[PDB]
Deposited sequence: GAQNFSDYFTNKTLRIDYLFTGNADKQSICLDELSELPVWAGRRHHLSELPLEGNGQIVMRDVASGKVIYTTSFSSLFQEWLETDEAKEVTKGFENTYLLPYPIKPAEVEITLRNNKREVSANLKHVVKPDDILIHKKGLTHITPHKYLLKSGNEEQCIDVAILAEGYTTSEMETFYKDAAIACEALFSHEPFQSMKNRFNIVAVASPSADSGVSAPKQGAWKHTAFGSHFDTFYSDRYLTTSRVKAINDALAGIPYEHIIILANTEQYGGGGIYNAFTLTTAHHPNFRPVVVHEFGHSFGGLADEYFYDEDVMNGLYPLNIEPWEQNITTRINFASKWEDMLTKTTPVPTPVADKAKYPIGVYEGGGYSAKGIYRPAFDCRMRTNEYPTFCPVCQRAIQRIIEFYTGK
């Protein structure tokens, strides 16, 4: 089932997502080959989560689905900003697929907030195409394994990258990476499932120490050009240099990316099957890196909300597992409630019901509900993922490594 269509190599595909609030398009940027396939070898035609976008690989000769993955993107978030009503922008996006033996047809799809198709691209990949850029053979970024439970075929490979660390600050980076690892494996279900993971710390160098602070006019030369003030949101620390992120990892087996930023300023970002980015020297580093990994690895939604008032239409059940609009609550955590739990669960009864249907979630105070009064996905001070987030993360771990 894996050996019938694939070789133990990776087909890396770089795309450009372009558009504005009115129309979106996808175009191919570049095809590359990586030396090993670090992804799954089972459930090849199934998705663990829908994502905001999907990739389907089909065998050209038979037309059969041979691989599928899903994700979210910085582009799809940008579409929800005021700037997307005024200008057309382009964004880099990279996806890792198993390398096919015979020609394969790749189809990439983007969906809107109504979970409808908003952009699509279908293209044929010929495995002997001379313009498939061979990567990860030489000048592999210095790295060290923090944790090695097994080979890349049996464990989940997580790569931790250095952002804003010069070559002389790498001992601080490796210490920071060890702290992220300790924070992650102190949370269930990661704690009990630690032997399912490989953690590699990748010493990707920056010319400058620290990160770009656009609001203060302090731009720096760094490995991935990360910056605060993403979408003019002060604490939103992201990078749109997705090709540079993946080029730094070429030759190192990886499935998931965590980026550590060498700064004391508060900030971070996390996007499903894209990457996590976080401050390493702010005191809230430990809950923040785990919260962002909840997004990037877990595909979890934010459970916090604001008082003031469109990202989750109330007529649509979200695909995210830890929030509901009560359209299709049976597909969520209804099976985890007691027979007498009130729906919605009044805030006055929070102590009576550790698991409930609490109004407020996915940035809205009304119409969106979360599974517990508090969670790692709602606040930094709360010590754990709620029971529903824990089940959702365990399902992801088991999808990639078995029951």
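Unmodelled segments of the deposited chain, in sequence order: 1-3, 313-315.
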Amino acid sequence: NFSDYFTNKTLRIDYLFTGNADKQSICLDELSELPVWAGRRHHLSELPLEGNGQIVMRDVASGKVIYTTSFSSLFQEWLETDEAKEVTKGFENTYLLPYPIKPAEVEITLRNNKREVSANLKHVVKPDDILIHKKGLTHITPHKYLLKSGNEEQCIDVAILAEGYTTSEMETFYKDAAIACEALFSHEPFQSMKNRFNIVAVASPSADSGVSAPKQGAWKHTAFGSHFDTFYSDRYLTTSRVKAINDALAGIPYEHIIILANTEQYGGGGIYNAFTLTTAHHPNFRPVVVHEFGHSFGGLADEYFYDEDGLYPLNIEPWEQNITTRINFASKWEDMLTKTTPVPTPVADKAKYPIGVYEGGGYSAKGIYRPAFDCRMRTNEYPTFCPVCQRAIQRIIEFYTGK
From here on, numbers count along this sequence of modelled residues.
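Checked against the record, the higher mean CA B factor of 343-351 and 47-55 lies with 343-351. In this entry, 135-143 shows the higher mean Cα temperature factor of the pair 284-292 and 135-143.
By the numbers in the PDB entry, the CA B factor is greatest at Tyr232 among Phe197, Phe71, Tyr232, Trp319.
Within the selection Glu153, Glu303, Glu116, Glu92, the deposited Cα B-factor values reach their highest point at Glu153. For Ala21, the recorded CA B-factor ranks within the highest third of the chain. Only modelled residues enter the ranking. Per the deposited record, the Cα B-factor of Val125 falls in the highest third when ranked against the other modelled residues of its chain. In the PDB entry, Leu110 places in the lowest third of its chain by CA B-factor. Per the deposited record, the Cα B-factor of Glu77 falls in the middle third when ranked against the other modelled residues of its chain. For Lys243, the recorded CA temperature factor ranks within the middle third of the chain's modelled residues.
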